[PDB]
Every structure is written in C-alpha cells, then in structure tokens.
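All remarks here apply to the structure that follows.
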Amino acid sequence: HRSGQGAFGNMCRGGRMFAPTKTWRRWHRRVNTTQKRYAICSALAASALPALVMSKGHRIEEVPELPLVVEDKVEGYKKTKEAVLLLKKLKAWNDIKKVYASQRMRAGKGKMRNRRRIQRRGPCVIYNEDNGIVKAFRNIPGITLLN
Amino acid sequence: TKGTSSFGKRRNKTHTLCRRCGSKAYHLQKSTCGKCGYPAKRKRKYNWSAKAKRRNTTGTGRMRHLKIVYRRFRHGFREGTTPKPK
Amino acid sequence: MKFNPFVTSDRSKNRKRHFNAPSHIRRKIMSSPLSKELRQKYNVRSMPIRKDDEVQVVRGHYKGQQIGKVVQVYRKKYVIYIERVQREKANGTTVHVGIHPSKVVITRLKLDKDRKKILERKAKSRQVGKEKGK
Amino acid sequence: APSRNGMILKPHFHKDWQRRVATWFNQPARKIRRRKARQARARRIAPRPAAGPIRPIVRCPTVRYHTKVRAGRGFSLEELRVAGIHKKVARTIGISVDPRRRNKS
Amino acid sequence: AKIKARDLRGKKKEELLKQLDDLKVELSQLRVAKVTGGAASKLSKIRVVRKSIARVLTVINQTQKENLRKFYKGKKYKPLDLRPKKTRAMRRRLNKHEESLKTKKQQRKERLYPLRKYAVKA
Amino acid sequence: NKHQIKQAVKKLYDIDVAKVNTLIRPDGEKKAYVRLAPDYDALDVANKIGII
Amino acid sequence: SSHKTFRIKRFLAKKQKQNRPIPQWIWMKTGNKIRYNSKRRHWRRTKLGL
RNA sequence: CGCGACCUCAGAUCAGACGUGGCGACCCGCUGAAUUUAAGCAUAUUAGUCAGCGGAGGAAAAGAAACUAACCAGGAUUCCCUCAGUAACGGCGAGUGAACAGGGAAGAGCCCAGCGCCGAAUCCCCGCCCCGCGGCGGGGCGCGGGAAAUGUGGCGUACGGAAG
RNA sequence: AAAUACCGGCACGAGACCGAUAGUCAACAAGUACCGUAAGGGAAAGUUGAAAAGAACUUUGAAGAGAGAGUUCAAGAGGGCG
RNA sequence: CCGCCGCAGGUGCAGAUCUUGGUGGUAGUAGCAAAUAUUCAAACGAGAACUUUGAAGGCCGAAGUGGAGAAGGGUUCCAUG
RNA sequence: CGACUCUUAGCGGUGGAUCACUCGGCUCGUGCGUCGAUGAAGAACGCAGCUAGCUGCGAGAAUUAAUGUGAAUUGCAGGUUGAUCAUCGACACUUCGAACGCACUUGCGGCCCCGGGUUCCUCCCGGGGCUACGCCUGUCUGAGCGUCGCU
Numbered sequence: 085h086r087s088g089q090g091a092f093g094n095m096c097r098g099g100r101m102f103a104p105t106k107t108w109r110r111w112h113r114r115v116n117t118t119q120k121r122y123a124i125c126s127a128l129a130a131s132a133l134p135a136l137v138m139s140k141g142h143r144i145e146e147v148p149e150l151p152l153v154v155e156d157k158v159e160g161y162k163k164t165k166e167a168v169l170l171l172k173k174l175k176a177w178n179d180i181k182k183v184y185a186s187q188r189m190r191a192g193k194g195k196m197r198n199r200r201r202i203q204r205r206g207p208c209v210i211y212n213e214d215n216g217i218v219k220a221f222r223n224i225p226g227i228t229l230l231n
Numbered sequence: 002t003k004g005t006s007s008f009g010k011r012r013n014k015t016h017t018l019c020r021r022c023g024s025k026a027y028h029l030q031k032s033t034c035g036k037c038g039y040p041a042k043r044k045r046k047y048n049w050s051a052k053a054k055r056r057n058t059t060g061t062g063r064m065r066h067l068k069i070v071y072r073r074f075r076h077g078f079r080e081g082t083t084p085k086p087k
Numbered sequence: 001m002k003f004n005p006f007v008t009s010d011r012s013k014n015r016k017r018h019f020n021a022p023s024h025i026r027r028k029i030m031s032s033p034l035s036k037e038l039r040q041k042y043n044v045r046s047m048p049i050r051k052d053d054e055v056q057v058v059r060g061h062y063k064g065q066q067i068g069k070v071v072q073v074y075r076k077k078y079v080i081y082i083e084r085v086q087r088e089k090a091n092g093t094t095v096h097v098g099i100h101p102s103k104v105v106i107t108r109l110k111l112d113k114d115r116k117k118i119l120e121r122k123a124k125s126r127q128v129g130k131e132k133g134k
Numbered sequence: 002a003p004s005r006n007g008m009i010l011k012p013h014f015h016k017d018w019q020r021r022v023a024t025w026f027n028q029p030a031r032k033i034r035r036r037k038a039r040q041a042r043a044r045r046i047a048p049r050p051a052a053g054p055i056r057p058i059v060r061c062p063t064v065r066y067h068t069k070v071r072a073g074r075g076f077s078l079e080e081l082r083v084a085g086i087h088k089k090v091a092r093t094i095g096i097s098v099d100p101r102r103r104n105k106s
Numbered sequence: 002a003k004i005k006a007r008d009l010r011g012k013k014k015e016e017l018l019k020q021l022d023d024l025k026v027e028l029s030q031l032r033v034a035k036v037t038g039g040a041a042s043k044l045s046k047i048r049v050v051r052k053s054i055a056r057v058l059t060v061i062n063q064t065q066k067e068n069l070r071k072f073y074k075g076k077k078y079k080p081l082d083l084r085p086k087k088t089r090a091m092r093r094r095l096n097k098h099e100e101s102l103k104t105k106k107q108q109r110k111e112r113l114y115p116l117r118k119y120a121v122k123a
Numbered sequence: 105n106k107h108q109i110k111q112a113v114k115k116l117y118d119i120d121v122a123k124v125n126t127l128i129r130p131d132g133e134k135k136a137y138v139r140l141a142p143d144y145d146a147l148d149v150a151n152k153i154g155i156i
Numbered sequence: 002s003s004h005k006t007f008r009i010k011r012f013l014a015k016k017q018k019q020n021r022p023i024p025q026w027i028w029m030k031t032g033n034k035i036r037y038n039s040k041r042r043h044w045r046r047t048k049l050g051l
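Chains as they are written, first to last, in PDB author numbering: chain AC, 85 to 231; chain Aj, 2 to 87; chain AY, 1 to 134; chain AL, 2 to 106; chain Ah, 2 to 123; chain AX, 105 to 156; chain Al, 2 to 51.
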C-alpha cells in the first residue's frame, strides 16, 4: 500500500510534524530573590484583610478573627479526629465542606494523563515545629501545610 | 524484445538459502551470502542501514540462553544450593 | 496520598496489572465480604472466594436473602456462578450468570486445614495492628 | 543581509551542533546523589572530619591575586620536618602532604 | 495412575529402567488407539503417560549426576559438566587467594603506618 | 535407517522381516513398508498390535 | 522439479502443513480476535520464494 | 665412526590451560569525504565530522610534572563555572578559535629497571596422606622433575637511598 | 580508586506531551502480509452488550434471503455490529 | 462537559498537477471480434446455448492441438462433497 | 396533463468523519550495568487429544524436579498424600551457526571400548567416546659439515 505515497513533509500522512518539538526548549524561568520576597509580602498581607479572602471564595463568616492565630499545642496533635474537631471549634469547617462539595470530575485528556479528579483549595495551615501536625492534618481534603 | 519476451528465459536461480541467516541471498557462483557474509568469520553489517540492523539484532530471535542469564543475574549467579526441604 | 516511590498510581499500569494478573493474584482480587454473623465470629473482614461456599447476592437483578451454593469460579472472566441464579436461553436450556465476587456476601465458609490457617493468621495480625493503634 | 545600524555577529553554529547539545535535567538528581554520597562518606569515616584532612595556607600566584590566600594542596616536607611530623605518619593522622611544594620564604 | 517423584527417588537403578520401559510400551499401545480413531478416554492418557515418562527419566538423571559429582568432589580435575558455570568472564577472574595476595613491600608498610581513628576539637 | 527399523519391529513385535522399503512423504515424515518373512502373517500380527 | 534436495523437501513440507484453515473451536474462546487464517498461500498467486 | 653436554629448530589426537564470534548508547586507536557556506571558485569552511577498519569496560581514556608561572609564586588526572567569542589562525575574506590565574565537584597515592650486599635466600609442575575449599587453597612429604647467574626474590627510586 | 559519560541491555517511577490519517514503521497473528534475483523495501488493520441474553419455534423459497415470534434499557446496538 | 480570572501552544484552510480515505458525471457507455463448427436426443438436477452419456458433422494431420522428460512450479496429482 | 430535471424537507441507503474511550507510544528521570569453545547472538526443523498463526518449549519438546502457594484449568472433551499459578537454585537442552574429523550432498573417512553375526574371531549392523585453527607452560620423540666435548 505504501509504494508511491508520500513520506516526509509536514502536509503528508506520515511525515514529521512542522518544526518538531525539542527537549532544549527553555522550560524554566529564573526570578530575582527581591521580587520573590516582594510577592510573598503582599501574599501574606492580603491574607489579613477579609474582603480579599472572601472574594477568593473562602467561607469564613464565622471565624472569630481573620489571622486565626491558634495555640502552640496544635503542633503536638497526632489524629485527624483532633484536626477536624479543632477546625469545628474555630468554625473554619464550612470551608472544608465547600472543598468536599467541589470534588468533581475533570473535562478532557487530563483524565487519561493521571489527573482524573479536581477539587477546590482550602485553609493554608502555617506551623513552626512539626510534632505530628502534618500527620494529623494531611488526611483532611483541602488543607495545605506550610513552614 | 528487452521486456516481456526476455522474461521467458528466467529459469536459473543465483541465490539459494544461506546456512546462518536462512535468507535467500547465498550467491552460488561466488559461494558468499550477500546478506550476512557466510564464509567470512564475522557477521556482515553496516551503519548506513540502521533499519537493516534492528531487523537482525539481539532482541529479534528466541535468546534461549540470554533470557535465563537476565533471570539468573538477579540472585548473583547462585549454583549447587537448593531451597530448604519440607 | 501514597508516599511509596515503588508503588504506581498510573491508570494504564494498574489496569494492565489487573487484567494480566496470574491465577494466584486473581484469587485475591476475587475476595468477597463476610456476612455480619461471620465477621463477629472470626474477627475477619473478607476471604478469597472458593468453589463450595454458600453466599447471598446483594446488587443487580438477582439480589435478595437467597443463600445459594457457589458451583464455578471463572478467574479468566472474574465471575462466579451460584446454585439457583440462572437465565433461560432461546433453545429452552438454562445458563449461569456471572456475578463479580464484590457484589456478593459469604454467609457460610468451606472450611479445611488450610482456609482455617488463613482465617487464624488474618484474625491474629488484625489485633497486633489494633494494639499498635490502642 | 544587514538592515541598518546593528552589531556585526558571528554565531559559532556551522557544525552539526544539534547532536552535541548537553541538557541539565540531571541537575537536581545530580545534587541529590552528590549529597547522598557525601553523607554516606561522612558517616563512613565516622569521628574524622567530614571535609577530610587539613590543607595548608598558600598565596595565589600572579600579581592580580597574590593579595589573597587559598587552601593549598598539601604540607611541604620541610614544613613537616621543622614541625617534627614524619611524612608517612602525617597522612595517617589526617594531614595533607605535597612532595612538590618549595619554600622560597 | 499419578506416579509421583518422592517415591521414585527411593527405588533401585534396575527397577526405574523397567518402569520407564513398561511406560514407553503403555504409550506405544495408546498411540495405536489414537490412529484407529477410538475411545476419547485414551486420547486424554497421551499427556499423562508422556509426563510420567519425563518424571521417571529426570529422577534417573538426577540420581546419576548427584552420584558422579560426589565421587569427583575430592579431585582437582573434574569434567566440564560438573565445573561451576557462572558467566564466562566470571570464570576468567582471579581466586579469593589471588585477590588477598599483597607483596612484602605493602605487608611491611601497613605494619609501620596503619590508618588511625582521630577527631578534631571545635 | 532400514537396519534400525528391521531390528526395532523384530524387538517390538516378536516378528521376522523379509525387507524394509522407506519413502519420505511431503509431510516431512518417513513411511516404512516392513514386509514379513513367510513364517508370519501380517493380518495375524495386525490384530494383536491392535489395527483393523 | 522432480529432482529435489533434502533441505528443499523439508522446506516445502513446512509450507504445506502451515497452509491449513483455522479450527472452528478457536472462534469461541474468550479472546475471540482471530476470524480466519490471513496467511493462506495459493500455488498460482504467491510463489513461496525459491 | 660412536657417545653424553649446549644452542638453534621440527613434529605429536602428548599433559594442562587460553584466544576466536556477538552487541555496540557511552569509551579508546586508525582511516576519512562530498553535500553545504564563501551570494561564482581553487586555499579555507563543512571537518578530524558522515561512511569504512580494529579493540574494550561497567564505565573507559587520563594521572602523580622533562607542568604553570615570573608571584609575597602555584603543585597528579577528570568534570563544572568563568577566563571568552578572548590571545591567536584566516583569498586577515566567509569564517575559525584555546590556555594560565580564580571559585568549586572529587581528592590518593605509588612501583620497577639501573647502582649495589644477602651461599638463588626465588618461582612452576607432578606422585602419596589429612582436613577441606560449586572463585583449586593451606599443611606434611619426597637425592621427584623443571625454570633461572643471558639474573629469581628481599632491601631500595629522584620526596633522596644504603651500610657503620 | 572517587568525582564524569551513556538514544544499547535488565528493571522501575513520572509528564501543562499524542489520543488510532495522531503517537514508534508497529495499541491487533508487525518488521507481519506483500514486492525485489539480491542489497534492501514494507503497509493497512482499535470499540456489539452490564451480561451472549448471539434471535427456540411457525412460515415462503433450491438457497442467499425474508415475514412473524423471542432476548435486552435499546437491535432506531444483529457478529467488520458505540 | 462548560462559564469567569490568569497561564501555555503542534491553535482556525478552498486552492499548494497538496497528503490519505471516500464518492460522482461520463455510463448500463467502450467493450466481452486473432487462429473454419456446430447439431439432435437422453441422464443427474430446484435450475442446462455451456456438465455427462450416445449419435452425427468437423478441426489438429506424426516439424501435431499425440505420447514422455529437463529447468521452473510445490501438492496444482487422486477420490468424495 | 404525466415523464425528465431543479430546490428544500422527512425516512432509507452508500461511506466512516465527529465525539467519548485507551493493557499503546513519545519524552524526562532513577537503580543496575550481566553474552560466548562449560558452545553465544542469529537461523532452521520440530513439539498440544482436537492446533493454522502468535506465544512457550526441545525427542523428558505449549513442559520434569524443586520451592512458595492452596482448589482450579475452562472453546469442547476426558480423568488436600496438593489441582492451578508464580518463583526457579536441581536435571534437560534436535540440526546449522565463532562452528570444531573432511566437505556442505548430510556426502565419505579414521582411532579406541561395548552390544547384534555371537557367546571376540575376521568383513556386515547398532550404541558410545575421541579426531578443527592459533598460542602459552611443561613432556616425549627427533634434526643440524651450529658450537664444543670424550675415546
């Protein structure tokens, strides 16, 4: 069947694609350390003021304070039952229920490329010293730990 | 009289089956396999045919020894010992 | 998440491993839940399914309280055939209907010298995990 | 063909350069394997310094640099001699030794 | 009849040969019934008898070589069947004696100047 | 060989052979016509070996 | 021709044996993919090599 | 003529070992173009590159100065950063084009011949015994055989060495 | 020795990649069928249904084929059939 | 599977005697014309200008359209459906 | 009038696009880094009860022993003191191929030991083991108007 068809040239069935994609494309981008800290001090500063946080869609109309600076024995915890009960008492739970309710299926080829499900992003727990807080909090869908 | 008339006289085989490669490229007058070079000690290959090499390389046959080698490697070529009896 | 770098979460890989599993791994894949009476008795969640177990169907068209004895375990198909779960063909004769062992619950075990050692080993390793927890 | 006022360029890309492009996707795995081998050694030579032996003080040559000081290769034999260490004991108790170094000063 | 190997590994050298011959006879009788085209119960016994031949043969061979390679053990030169076949290059390497050899220069060096265990204070 | 056939049939059927004539078939398998010496009848032997 | 070698006759034997159609009990297996023998070779159409 | 010694050669299905061929992404040694660029073209460029030939290893090659420097001097090899599109080559056209210094990754050093002293103090192999070795090794035993003064081993090498 | 190189080989893990005229020539009995005296050249070709439950039986015809029944959520899914 | 805010590209076809596959008109058209020649009955059959049997009329005309081989082919040989 | 043709719409074809799927690729990274005269890679020929291809395997031939495992295999037959799977360290591994008695017909030799003809005693038959090149250490047998030695 192939005899006298048309082999190379982008237009042809078979044939290599136009400008075949290389692995020395510039994938990475480097940023100045001053700008990287300018951006982080503005990402922290916007977290404080509750008009910006509510406009992100975080459901925090029951949090007593916006900074929600919790006790230091949060870090000593060791069970997800302690971690959920803490979020219930601080009334941040209705953000986790919003993440549960967001848990849906992705649209397109992402599903066959090991990104089947999508969901929402939840409360961002910043700690000092890791004494089981990560082990306690990681099984709650939505929480990102940070140092 | 160079075409259809002159194809009537094609009744003498030049190439028979080679005894290394089994391919019908053993020239009878020359007595040399025009594929693998049979009377030559070394296998005939060239880098100008990357396709012809991958047709006849180490991963195209049975490999009845070289597959038990790969299996037997993973326990450091043990021999003589058996598993503990029942 | 899974944190082991030597276990895969790739869709295609897990699908291939499931469909190209050898018989002794298809055995384990084709485990069924034990009924609540048997769980409180033996302290075991599940068991691999066997030829002459008595079993209830839970899901699909043939569900109910009917305790049927298993009569074929088709590992190539990942299906099991039960006593009185059947279907009439055009030419009058009946055929058995393949149920996946997950949509099924063991109400009676086929107990041996070997299956009893699986039960005991499972129930034993259960409490050793339990006392590490509490 | 030149357009207007602009720098007159000579790109070194007349050879088969695409065959010999060396890409650095190794880098974070190369750093991890180095840090691995480093800690492995540091644990192996267990109470001995992690850096290894002591290097001597050495002036950089060439007027551009001779206001600086580096770590040298190893201690000269006439520095070991007047310090009173044997050249074959020095290396065994963790002192770098260079048999090539002269002492002008 | 299911003829195992555990029982065959405790019988005499003349018994196992007789058992192989009457099995070969038994197969030679079944293979006539296959060509006459009769009794499907006797087309199923062709595998059973062939594997029962393979079992009693591999028992003979294994008892013969375990006997030879024991008799040839306390001897420098043994046949190439009974010499160890690891890979070819792995047979060409030096012994655990020829590795552990070190010249009298080294043996005196590492007598005088061995490597010390030390620690620097900071 | 014909010699090995003529020894084999003699050993396997307690028989005597006039001559053996072999041809290799287009199947790639030999077929050996083993004629018996007149002390033995082919039809007498066919029954006891089990071909009829 | 009538005059043959041993190698050629073994070779032509293997090509005769290979040129049978598929069994009908293979079309009922659980991996039913093979419909018919796609490697049928007729004497007049395709000329076998040699 | 004859008979042993020695040297220079043959022949053996003699005893016991070893080499060949494959793969070839990476590595080492040779051989080695023309497309192309110079808006033509011959030197140049493509390029010590493709094709060809040989040889390997888990890496290979290199490596402990017949070095760099001209400093208040550095101190085996290899790799990265920079030196640097630089000094330099070039129908001085098109083009080509390193090194030292500096910061790190790693870091490791050694051995013969020769000169000389120790009675060849050295090595290989057969035969018997015992432990006991799926890397054929240790011990005893032999006026058992050979290698070797046309030089084996111990000491010892440019950072000095040896004897008293 | 170490630090360095690795589109071959054995084994793994991943991706802002492709989704059957794409991605390997090859998702299938692919270096297969087929072509060439030979060196060499070299394809096409994925999907019934949850489950074969793959249409007993009556009837027209020499038969392919129909007409009624029947299974199924569905044959407006009938074997190369989403 | 999609909207909004950012992000990234192998991102938009009428044409390239473009590539691959598919279908038209022409068209029920050109055609099925080299080497003398066919015919009557019967059989089998659901079905006969063409099969088979008989009878007739003919051709090849021993350098044959006859009987056997070599090379080449590789089961095309033979029986039954 | 109708036929014929044109346009549009419904249904039926022909054809297999679109959409959705994916045990396949492509790319990047990691650990390892192992062939062969003790017969490799590659070829050829065979092997299942019904078997063409694919796959697996070698006259013990879609597999034996062993170990782990614990009731299947399954298109149709047939018949727990371990069915079937995976593992694989014991045994096995036809003919070509570096390819090894000589040639590539599988054709013709030779040398020794067994067994049939016979109860080693010759031709014929069958079975077995040896019979390639280059080279290293030793051994045996020699060669030389090469250099000497002694009667």
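Backbone N, C-alpha and C define an ideal beta-carbon position, used for all residues, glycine too.
message: In chain order, what are the residue ranges of uninterrupted alpha helix (DSSP H) at least 4 long that sit wholly in the region 12-61 of chain Aj?
response: The region 12-61 of chain Aj contains these whole alpha helix (DSSP H) runs: 51-56.
task: Answer with yes or no whether the minimum CB distance from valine 22 of chain AL to chain AC is below 8 Å.
output: Closer than 8 Å to some Cβ of chain AC, the Cβ of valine 22 of chain AL qualifies, so yes.
field: 7 Å Cβ shell around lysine 122 of chain AY - same chain, five flanking residues per side excluded
entry: Cβ within range, chain order: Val44.
- request: Pick out whichever of AY/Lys51, AY/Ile99, AY/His61, AY/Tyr42 has its Cα sitting closest to the Cα of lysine 124 of chain AY.
  value: Minimum Cα distance to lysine 124 of chain AY is reached at AY/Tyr42.
Cutoff 7 Å; reference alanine 21 of chain AY; Cβ partners in own chain excluding five residues on either side: So the qualifying residues of the chain are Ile29.
query: Which class does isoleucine 153 of chain AX belong to by DSSP, given the choice of helix, strand or coil?
result: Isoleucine 153 of chain AX: helix per DSSP, three-state reduction.
task: Please state whether DSSP places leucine 13 of chain Al in a helix, a strand or coil.
output: Correct three-state label for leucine 13 of chain Al: helix.
query: Between the Cα of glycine 160 of chain AC and the Cα atoms of AC/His85, AC/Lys106, AC/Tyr211, which residue gives the shortest distance?
result: Here the closest residue by C-alpha is AC/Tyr211.
message: Please classify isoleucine 99 of chain AY as buried or exposed, where buried requires at least 16 neighbouring CB atoms within 10 angstroms.
response: Only buried fits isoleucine 99 of chain AY, as 16 or more other CB atoms lie within 10 angstroms of its CB.
message: I believe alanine 185 of chain AC touches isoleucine 144 of chain AC by the beta-carbon criterion, under 8 Å. Please report the beta-carbon distance rounded to the nearest angstrom.
response: Actually they do not touch by this definition, with Cβ atoms about 16 Å apart.
message: Give me the chain AL residues within the contact set of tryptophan 177 of chain AC, using Cβ-Cβ distance strictly less than 8 Å, ordered along the chain.
response: The contacting residues do not exist; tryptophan 177 of chain AC stays about 38 Å from chain AL at best.
field: For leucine 83 of chain Ah and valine 124 of chain AX, the rounded distance between their alpha carbons
entry: Going from the Cα of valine 124 of chain AX to the Cα of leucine 83 of chain Ah covers about 43 Å.
- request: Name the two residues that bound the continuous beta strand (DSSP E) containing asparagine 125 of chain AX.
  value: Element bounds for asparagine 125 of chain AX: 121-128.
task: Under 7 Å between beta-carbons, which chain AX residues line up against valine 33 of chain Ah? List them in chain order, please.
output: Neighbours of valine 33 of chain Ah in chain AX, taken as residues at a C-beta separation under 7 Å, are given in chain order as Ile153, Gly154, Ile155.
task: Please go through the same chain and pick out, in chain order, the residues whose beta-carbon is closer than 6 Å to the beta-carbon of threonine 68 of chain AL, but skip the five residues on each side of it.
output: Within the same chain, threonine 68 of chain AL has no close Cβ partners at all.
- request: Give the residues of chain AY in contact with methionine 196 of chain AC, contact being defined as C-beta atoms less than 9 Å apart.
  value: Per Cβ cutoff of 9 Å: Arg11, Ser12.
task: Return the Cβ separation of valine 50 of chain Ah and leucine 28 of chain Ah in integer angstroms, given the expectation that the two are a contact with Cβ distance under 8 Å.
output: About 5 Å separates the two Cβ atoms, so the contact holds.
query: Do the CB positions of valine 55 of chain AY and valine 97 of chain AY come within less than 8 Å of each other?
result: It is not a contact, given that the beta carbons lie outside the stated cut-off.
message: I need the straight-line Cα distance from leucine 17 of chain Ah to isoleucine 61 of chain Ah, nearest angstrom please.
response: Taking the straight line from one Cα to the other gives about 7 Å.
- prompt: By how many angstroms is the C-alpha of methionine 47 of chain AY removed from the C-alpha of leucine 150 of chain AC?
  reply: Looking at the two C-alpha atoms, the distance is approximately 52 Å.
- request: Determine the direct distance from the alpha carbon of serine 106 of chain AL to that of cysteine 61 of chain AL, and round the result to whole angstroms.
  value: Taking the straight line joining both Cα atoms gives about 14 Å.
At least 3 beta-carbon pairs within less than 8 Å: the region 17-29 of chain AL vs the region 42-60 of chain AL: Segments in contact, no.
query: Closest Cβ-Cβ distance between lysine 10 of chain Al and chain AX: below 8 Å?
result: For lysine 10 of chain Al, the answer is yes, since a Cβ of chain AX falls inside 8 Å of its Cβ.
Contact the region 88-106 of chain AL vs the region 31-43 of chain Ah: 3+ CB pairs below 8 Å: Segments in contact, no.
- prompt: So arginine 84 of chain AY and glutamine 65 of chain AY are in contact, right, with Cβ under 8 Å, and what is the actual spacing, rounded?
  reply: Rounded, the Cβ-Cβ distance is 13 Å, inconsistent with contact.
task: Measuring only between beta-carbons, confirm whether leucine 58 of chain Ah sits less than 8 Å from chain AL.
output: It does not; no Cβ of chain AL falls within 8 Å.
field: Beta-carbon proximity list for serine 32 of chain Aj, same chain, < 7 Å, skipping 5 on both sides
entry: For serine 32 of chain Aj, the CB contacts under 7 Å within the same chain, skipping 5 residues up- and downstream, are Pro40 in chain order.
- request: Out of AY/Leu38, AY/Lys89, AY/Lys77, AY/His61, state which residue places its alpha-carbon closest to the alpha-carbon of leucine 119 of chain AY.
  value: For the residues AY/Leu38, AY/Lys89, AY/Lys77, AY/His61, the minimum Cα distance to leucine 119 of chain AY belongs to AY/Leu38.
message: In the DSSP output, which residue or residues are listed as bridge partners for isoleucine 99 of chain AY?
response: Answer by DSSP bridge pairing, in chain order: AY/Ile80.
query: Applying a beta-carbon distance threshold of less than 9 Å, which residues of chain Aj neighbour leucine 51 of chain Al?
result: Per Cβ cutoff of 9 Å: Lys14, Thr17, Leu18, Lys25.
Any chain AX beta carbon closer than 8 Å to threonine 88 of chain Ah: No, because no Cβ of chain AX sits closer than 8 Å to the Cβ of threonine 88 of chain Ah.
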